[PDB]
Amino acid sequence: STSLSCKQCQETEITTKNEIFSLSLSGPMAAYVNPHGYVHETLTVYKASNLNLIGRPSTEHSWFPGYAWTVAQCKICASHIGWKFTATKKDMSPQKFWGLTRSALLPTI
């Protein structure tokens, strides 16, 4: 499957298209609005590599109820890629996934 890489540096593979899944009704990728009016077309994938996390998980304005987010940045260039999502309870499946923002990745999905 097609590799997706950081748009800014194009030095790392972050994920592959075979990781894509639909978490809910809105297909594998949809537009979501953050608290300040930024719109992120967020693709959900089971596994991602070559990302670094900032800080600790938060449920604030979570787009996926039952999950907390942690900001995820390219390990090379520190560009914002998306968020790691982690379940806040045991009955959630999957227990973790990544939401990657379309505009941070190449190729364009």
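The term rigid core refers to the maximal set of C-alpha atoms that superpose within 1.5 Å between the two forms. Numbering starts at 1 and follows the sequence shown.
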Rigid core fitted first, then name the stretch among 23-31 and 44-52 whose C-alphas deviate most from the displayed form in 5 other deposited structures of this protein. 23-31
Could you tell me which of the two stretches, 34-42 or 74-82, has its Cα atoms lying farther from the shown structure in 5 other deposited structures of this protein after fitting on the rigid core? 34-42
Can you tell me which stretch has the higher mean Cα B-factor, 76-84 or 50-58? 50-58
Quick note on 39-47 and 24-32: per-entry mean CA temperature factor is higher in 24-32
Highest CA temperature factor in the entry: which of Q95, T12, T15, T101? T12
